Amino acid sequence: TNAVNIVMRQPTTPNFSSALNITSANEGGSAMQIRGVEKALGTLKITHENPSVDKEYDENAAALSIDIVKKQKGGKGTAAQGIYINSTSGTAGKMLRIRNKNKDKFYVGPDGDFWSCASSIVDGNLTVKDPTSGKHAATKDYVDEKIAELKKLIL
């Protein structure tokens, strides 16, 4: 079926080895590039399967893990980005869509709007526009204004 298949079989003892390991020392080009024309699949599909029946066994595991590091010998830092997503021609699809058991839980749409299915938290302020609707969040401004308006009506 597949043009190239790379299989790492189960070793007797787990070890740190990979089926496929790629390294480039060329700062002028992507170490790896993929291009596909899928009608309804991912150009890259990554599946992580719990190696154990135990449902908490793989709690530190991930399908995709990214690290962003300084130059190994003597680097002063890095300003590289983690994930960069673009559509040079423009897309109508969701830029980031997160589902759990095939139900949408969080997404970022093509206009940069987000939708979250549950109560969330910002350890800081959220800057927003003034509400123009019932369930829009109220700014300090809107509160202060309805206050000052009611102070007046008591003279």
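Sequential numbering from 1, following the sequence displayed.
- Stretch comparison (37-45 versus 122-130) by mean CA B-factor in the PDB entry places 122-130 on top.
- Between the stretches 108-116 and 25-33, it is 108-116 that shows the larger average CA temperature factor.
- Annotation for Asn15: C-alpha temperature factor in the middle third relative to the rest of the modelled chain, per the entry.
- Placement of the Cα temperature factor of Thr1 within the chain: highest third of the modelled residues, per the deposited record.
- Placement of the Cα temperature factor of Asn50 within the chain: lowest third of the modelled residues, per the deposited record.
- Annotation for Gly77: C-alpha temperature factor in the middle third relative to the rest of the modelled chain, per the entry.
- For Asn102, the recorded CA temperature factor ranks within the highest third of the chain's modelled residues.
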